[PDB]
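Structure first, then comments.
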Amino acid sequence: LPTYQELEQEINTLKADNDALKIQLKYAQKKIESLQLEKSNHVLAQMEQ
Amino acid sequence: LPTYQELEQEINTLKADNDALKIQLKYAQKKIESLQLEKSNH
């Protein structure tokens with residue numbers, strides 16, 4: 001069986017994977033919005049009211 | 001302190017969350033590519 005310490009290390013790895021996927025997902029969603037806005041000659045940063 | 005069982009539980013939850021994020025990211029990447037293809041045609 002894996003050691004309790006190994007399980008701890010695995011959790012640390014999986015949390016890091018989680019953090020990376022979340023930031024990449026936000027980045028990808030912003031890119032989708034940017035491409036949609038490009039169709040109308042606008043950029044994401046100009047849309048803040 | 002977390003019991004060894006509760007660590008196993010947390011590992012399964014994290015794997016599930018990570019698998020769900022990978023699916024959402026893949027769909028986001030497909031939409032980006034689709035939009036780039038549309039742009040190049042337009």
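Each chain in the structure tokens gets a letter, A, B and so on, in the order shown; residues start at 1 in every chain, and ligands are counted from 1 in the order they appear.
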Residue 25 (chain A) environment, 8 Å, only C-alpha atoms, sequence neighbours closer than 4 positions dropped, as a PyMOL selection string: (chain A and resi 21+29) or (chain B and resi 21+24-25+28)
Could you list, with a cut-off of 8 Å and counting only C-alpha atoms, the residues of chain B near chain A, each shown with its nearest atom pair and the distance in Å rounded to one decimal, rows sorted by chain and ascending number, as CSV?
```
residue,atom,partner,partner_atom,distance
B:4,CA,A:4,CA,6.0
B:7,CA,A:7,CA,6.6
B:8,CA,A:7,CA,7.3
B:10,CA,A:11,CA,7.5
B:11,CA,A:11,CA,6.0
B:14,CA,A:14,CA,6.3
B:15,CA,A:14,CA,7.0
B:17,CA,A:18,CA,7.3
B:18,CA,A:18,CA,5.5
B:21,CA,A:21,CA,6.2
B:22,CA,A:21,CA,6.9
B:24,CA,A:25,CA,7.4
B:25,CA,A:25,CA,5.4
B:28,CA,A:28,CA,6.1
B:29,CA,A:28,CA,6.8
B:31,CA,A:32,CA,7.1
B:32,CA,A:32,CA,5.6
B:35,CA,A:35,CA,6.8
B:36,CA,A:35,CA,7.6
B:39,CA,A:39,CA,7.9
```
Write to file, as a PDB file, in the first residue's frame, the residues of the selection just made, with C-alpha atoms.
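Output file out26.pdb follows:
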```
ATOM      1  CA  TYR B   4      -5.261   7.681   5.723  1.00  0.00           C
ATOM      2  CA  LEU B   7      -6.577  11.087   2.222  1.00  0.00           C
ATOM      3  CA  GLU B   8      -7.697   8.367  -0.194  1.00  0.00           C
ATOM      4  CA  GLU B  10      -9.461  13.491  -1.004  1.00  0.00           C
ATOM      5  CA  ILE B  11      -7.398  11.915  -3.787  1.00  0.00           C
ATOM      6  CA  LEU B  14      -9.270  15.776  -6.632  1.00  0.00           C
ATOM      7  CA  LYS B  15      -8.937  13.304  -9.489  1.00  0.00           C
ATOM      8  CA  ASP B  17     -12.269  17.638 -10.149  1.00  0.00           C
ATOM      9  CA  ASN B  18      -9.209  17.465 -12.380  1.00  0.00           C
ATOM     10  CA  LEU B  21     -11.533  20.562 -15.610  1.00  0.00           C
ATOM     11  CA  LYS B  22      -9.720  18.680 -18.413  1.00  0.00           C
ATOM     12  CA  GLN B  24     -14.091  21.710 -19.815  1.00  0.00           C
ATOM     13  CA  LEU B  25     -10.668  22.855 -21.064  1.00  0.00           C
ATOM     14  CA  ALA B  28     -12.835  25.451 -24.629  1.00  0.00           C
ATOM     15  CA  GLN B  29      -9.885  24.587 -26.901  1.00  0.00           C
ATOM     16  CA  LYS B  31     -14.315  26.360 -29.498  1.00  0.00           C
ATOM     17  CA  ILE B  32     -11.127  28.484 -29.865  1.00  0.00           C
ATOM     18  CA  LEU B  35     -13.559  30.409 -33.986  1.00  0.00           C
ATOM     19  CA  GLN B  36     -10.109  30.710 -35.562  1.00  0.00           C
ATOM     20  CA  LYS B  39     -12.180  33.996 -38.661  1.00  0.00           C
TER      21      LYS B  39
END
```
